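Undergrad: One structure, as C-alpha cells, below. Some questions next.
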Amino acid sequence: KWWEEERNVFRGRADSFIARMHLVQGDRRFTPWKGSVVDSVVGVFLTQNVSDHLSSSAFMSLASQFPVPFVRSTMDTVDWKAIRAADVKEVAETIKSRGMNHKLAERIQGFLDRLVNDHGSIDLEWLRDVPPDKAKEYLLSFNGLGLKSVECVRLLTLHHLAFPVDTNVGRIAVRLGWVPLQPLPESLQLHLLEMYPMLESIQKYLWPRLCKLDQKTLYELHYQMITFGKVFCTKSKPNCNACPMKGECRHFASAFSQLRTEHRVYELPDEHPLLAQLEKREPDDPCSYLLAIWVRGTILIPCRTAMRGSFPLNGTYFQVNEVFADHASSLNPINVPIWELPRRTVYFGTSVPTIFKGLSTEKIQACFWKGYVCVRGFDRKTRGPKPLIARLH
DNA sequence: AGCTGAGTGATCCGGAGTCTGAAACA
DNA sequence: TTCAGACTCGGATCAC
Ligand code: SF4
C-alpha cells in the first residue's frame, strides 16, 4: 500500500509536468510514422553515442547511399540486402561524418549476419506478436545493445510499457524534486550542485514508480522531457530562472548575437503552383512550407514531407517546428518576381541548445507557436544530407 | 584461508562542434 | 586579439 502512494505521487508529478510544458511546446500528441522495425534497430545502433542531428544526418546518408528501389507501411526505406553484400570500407566511409564508423559498421554487419543466419530474410515485424518480455530478452540478447537501447526501441516503436533514460532524462530526474542523487546510498553532504556523473542504473529505483501508466502518457512524457532538457536544462548554465519549475526545481533553490540568426520571412501556402516540384506535401504536419527572402527567393521544406515520414523511432529525432534546407534552392536560388503572406521567423543555427541559449521565456513561446528551427540542409535529387549553406549561419 | 567474485572503474572508439584559458598587447 | 587542447550527445573490454 505504501508502494501505492509513491506510485500516485509520481503519477501526479508527471501529470503536472506533461501539462505545464504543454502550454509551451504546443501539441506533442502521438502521430504515427511509417517504416519497418529494422529501421528502428539500425537507428538505435546509430545514435548510440552521438548527438541527435549528427545521428539523423548519418542515417539519411545511409538511406541515400543505398535507397530501396521504390514506386504504417512497414517497409524498409533502405535495401539492407545491399549493405549485407556491401563492404566494410565503403559503409564506414558512408557514416564517416558520425565517428566510430568502423566499429558501428562492423556491428551493423554482424547484426545483419546474425539475423540472416537465424531466419533468412531480413524481417522483424513478428516482434509485434510475441509478449513483450521475450521480445525484450531477444533484442537484449544481441551484442552492442544495452538496456536503454532495447527499452527505447520497445517504447517508441512497439508501444510497450518502457521508459528509456538518456543522459537528459537521468539528469532531469535527479535534479528536479524527483528521485535524489542518493537512491541506494546516503551522501547527505555535498554543499554544491556540481552534478557529478549520476547517469547510471538508477532505473531499479525509478522504474518501480512508473510501472502502471498509460502508453501515450509515457510517450508524451519522454518526448516533452527530451525537448525540455534540450531547451531548458543544459549541463552548462541552465536558463533556470526561466523554467516554470523554478518554484519547484531543487537546483534552483540552491541559488534562490552569434547564437541565433533569424530572418522574418513568409510561409508558403500548400497550393502554390511554383511548388509543383516539392513532393506533394502530406497532410499530417502542423507546420507548412517556408520561403527565405533576402525577384529573389529561397524555399524551405518540412522534415516529414522531405523524408515522406517513415523515420525510425517514430520521428522523435526532430522538433515539431523543424524544417530542411533544399540544397538546390541554396546553390542557385530561384528568382521569383508575395508581401501580404503571413510573416514568420526561421531561427537558424547549428543545434537546439545553441539557438535557445540566453532567450527569454516569451521569445521561446513565440518560436514554439509561430516559429521554426533549421540546423541542416537537404538535397532533393539524391535524397541525401549535405552541409548547411554558409549564406545564413 | 586462500580462493572466488561481484562490481565497478577507469579507459576506449572518433569526428565536429563549442568553451575556455593562456598568451599577448594595450 | 589568436588558439589549442579539453569537453560534450553507451556499449564493448579489461583490469582490479
Ligand atoms: S528550474 Fe531551471 S535548472 Fe531547474 S529544470 Fe527548470 S530550467 Fe532547468
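Residues in the C-alpha cells are numbered from 1 in each chain, the chains being A, B, ... in the order shown, and ligands are numbered from 1 in the order shown.
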So that I can see what lies close to residue 8 in chain C, please list as a list in words the residues with an atom at most 10 Å from it, counting only C-alpha atoms (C1' of nucleotides) and leaving out residues fewer than 5 positions away in the same chain.

TA: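 Everything that qualifies: residues 50, 51 and 235 of chain A; 17 and 18 of chain B.
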
Undergrad: Return as a short mmCIF file (atom, residue, chain, number, x, y, z; two decimals) with N, CA, C and O atoms, in the first residue's frame every polymer residue, whether protein, DNA or RNA, with at least one atom no more than 6 Å from an atom of ligand 1; count only C-alpha atoms (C1' of nucleotides) and all ligand atoms.

TA:
```cif
data_model
loop_
_atom_site.label_atom_id
_atom_site.label_comp_id
_atom_site.auth_asym_id
_atom_site.auth_seq_id
_atom_site.Cartn_x
_atom_site.Cartn_y
_atom_site.Cartn_z
N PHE A 232 15.83 23.76 -21.88
CA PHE A 232 15.82 24.44 -20.59
C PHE A 232 16.89 23.97 -19.62
O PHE A 232 17.43 24.78 -18.87
N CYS A 233 17.20 22.68 -19.58
CA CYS A 233 18.14 22.13 -18.60
C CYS A 233 19.37 21.61 -19.33
O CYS A 233 19.45 20.43 -19.68
N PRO A 238 22.04 26.19 -16.94
CA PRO A 238 20.65 26.20 -17.41
C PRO A 238 20.01 27.57 -17.30
O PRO A 238 20.43 28.36 -16.46
N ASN A 239 19.00 27.87 -18.12
CA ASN A 239 18.29 29.12 -18.00
C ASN A 239 17.32 28.79 -16.94
O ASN A 239 16.12 28.76 -17.19
N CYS A 240 17.82 28.48 -15.75
CA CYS A 240 16.94 28.00 -14.65
C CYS A 240 15.93 29.07 -14.21
O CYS A 240 14.87 28.69 -13.69
N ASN A 241 16.25 30.35 -14.42
CA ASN A 241 15.39 31.40 -13.93
C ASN A 241 14.12 31.31 -14.73
O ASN A 241 13.05 31.59 -14.23
N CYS A 243 12.69 28.61 -16.07
CA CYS A 243 11.92 27.38 -16.16
C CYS A 243 10.69 27.44 -15.26
O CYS A 243 10.79 27.88 -14.11
N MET A 245 9.29 25.27 -13.58
CA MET A 245 9.58 24.63 -12.31
C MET A 245 10.65 25.35 -11.50
O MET A 245 11.26 24.73 -10.63
N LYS A 246 10.89 26.63 -11.77
CA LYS A 246 11.82 27.37 -10.92
C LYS A 246 11.33 27.39 -9.47
O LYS A 246 12.13 27.40 -8.54
N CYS A 249 12.03 23.22 -9.09
CA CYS A 249 13.30 22.54 -9.35
C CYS A 249 14.21 22.69 -8.14
O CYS A 249 14.43 23.80 -7.64
N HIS A 251 17.42 22.30 -7.89
CA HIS A 251 18.65 23.02 -8.18
C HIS A 251 18.46 24.53 -8.10
O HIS A 251 19.36 25.23 -7.63
N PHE A 252 17.32 25.05 -8.55
CA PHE A 252 17.10 26.49 -8.47
C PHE A 252 16.99 26.99 -7.05
O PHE A 252 17.28 28.17 -6.80
#
```

Undergrad: Got a sec to pull out which chain A residues are within 8 Å of chain B, counting only C-alpha atoms (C1' of nucleotides), and send them as a list in words?

TA: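 On the chain A side, the interface is residues 96, 97, 98, 99, 100 and 103 of chain A.
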
Undergrad: Store the residues of this selection in a file with C-alpha atoms, as a CSV table (one decimal), in the first residue's frame.

TA:
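result_22.csv, freshly written:
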```csv
chain,number,residue,atom,x,y,z
A,96,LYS,CA,32.5,9.0,-41.7
A,97,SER,CA,30.7,12.2,-40.5
A,98,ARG,CA,29.5,10.5,-37.4
A,99,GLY,CA,32.6,8.9,-35.9
A,100,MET,CA,33.1,5.4,-34.7
A,103,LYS,CA,33.1,0.0,-35.2
```

Undergrad: Which residues, written as a list in words, have at least one atom at most 10 Å from residue 111 in chain A, with only C-alpha atoms (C1' of nucleotides) counted and residues fewer than 5 positions away on the same chain left out?

TA: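 Residues meeting the cut-off are residues 41, 42, 45, 84, 105, 106, 116, 142, 143 and 144 of chain A.
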
Undergrad: With 8 Å as the limit and counting only C-alpha atoms (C1' of nucleotides), what residues in chain C lie close to chain A? Please list them as number ranges by chain.

TA: C: 9-12

Undergrad: Using DSSP on the backbone, list every residue of range 274-309 of chain A that comes out as strand (DSSP E), and give them as a PyMOL selection string.

TA: chain A and resi 289-292+298-302

Undergrad: One decimal, in Å: what's the spacing between CA of residue 57 in chain A and CA of residue 385 in chain A?

TA: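 The value is 5.9 Å.
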
Undergrad: Show which residues sit within 10 Å of residue 335 in chain A, as a PyMOL selection string. Count only C-alpha atoms (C1' of nucleotides), and ignore same-chain residues fewer than 2 positions away.

TA: chain A and resi 295-298+332-333+337

Undergrad: Quick one: everything within 12 Å of residue 86 in chain A, counting only C-alpha atoms (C1' of nucleotides), minus sequence neighbours fewer than 4 positions away in the same chain. Send it as number ranges by chain.

TA: A: 65-66, 79-82, 90-94, 105-106, 108-109, 112

Undergrad: May I have the residues from that selection written out with N, CA and C atoms, as a compact mmCIF listing (two decimals), in the first residue's frame?

TA:
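Result file is out_29.txt:
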```txt
# COMPACT_ATOMS: atom_id res chain seq x y z
N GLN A 65 22.71 6.59 -49.73
CA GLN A 65 23.76 5.79 -50.33
C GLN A 65 23.21 4.49 -50.90
N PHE A 66 22.24 3.87 -50.22
CA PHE A 66 21.59 2.66 -50.70
C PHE A 66 20.08 2.84 -50.62
N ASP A 79 17.56 -0.71 -48.67
CA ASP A 79 17.72 -2.10 -49.10
C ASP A 79 18.90 -2.72 -48.34
N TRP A 80 18.60 -3.21 -47.14
CA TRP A 80 19.64 -3.73 -46.26
C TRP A 80 20.35 -4.95 -46.85
N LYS A 81 19.75 -5.60 -47.85
CA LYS A 81 20.46 -6.66 -48.55
C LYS A 81 21.70 -6.12 -49.26
N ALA A 82 21.60 -4.91 -49.82
CA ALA A 82 22.75 -4.29 -50.46
C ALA A 82 23.87 -4.05 -49.46
N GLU A 90 33.47 0.93 -47.53
CA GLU A 90 32.57 1.91 -48.12
C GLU A 90 31.49 2.34 -47.15
N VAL A 91 30.91 1.39 -46.41
CA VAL A 91 29.85 1.74 -45.48
C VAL A 91 30.40 2.56 -44.32
N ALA A 92 31.62 2.26 -43.86
CA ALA A 92 32.24 3.11 -42.86
C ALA A 92 32.50 4.51 -43.41
N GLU A 93 32.88 4.61 -44.68
CA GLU A 93 33.00 5.91 -45.32
C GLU A 93 31.66 6.63 -45.39
N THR A 94 30.56 5.87 -45.46
CA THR A 94 29.24 6.49 -45.54
C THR A 94 28.91 7.28 -44.28
N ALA A 105 29.90 0.24 -38.23
CA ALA A 105 29.66 -0.52 -39.45
C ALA A 105 29.87 -2.01 -39.21
N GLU A 106 30.92 -2.37 -38.47
CA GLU A 106 31.15 -3.77 -38.14
C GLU A 106 30.00 -4.33 -37.32
N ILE A 108 26.85 -3.30 -37.25
CA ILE A 108 25.67 -3.43 -38.10
C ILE A 108 25.79 -4.66 -38.99
N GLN A 109 26.97 -4.88 -39.56
CA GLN A 109 27.18 -6.06 -40.40
C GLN A 109 26.99 -7.33 -39.59
N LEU A 112 23.22 -7.87 -38.97
CA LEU A 112 22.53 -8.36 -40.16
C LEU A 112 22.90 -9.81 -40.45
```

Undergrad: Enter the distance from CA of residue 319 in chain A to CA of residue 377 in chain A, in Å, rounded to one decimal.

TA: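 Between these atoms lies a distance of 15.1 Å.
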
Undergrad: Which distance in Å separates CA of residue 230 in chain A and CA of residue 107 in chain A, to one decimal?

TA: 28.7 Å

Undergrad: Got a sec: who's within 10 Å of residue 212 in chain A, counting only C-alpha atoms (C1' of nucleotides), leaving out chain neighbours fewer than 2 positions off, as an NGL selection string?

TA: :A and (7-8 or 11 or 161 or 207-210 or 214-215)
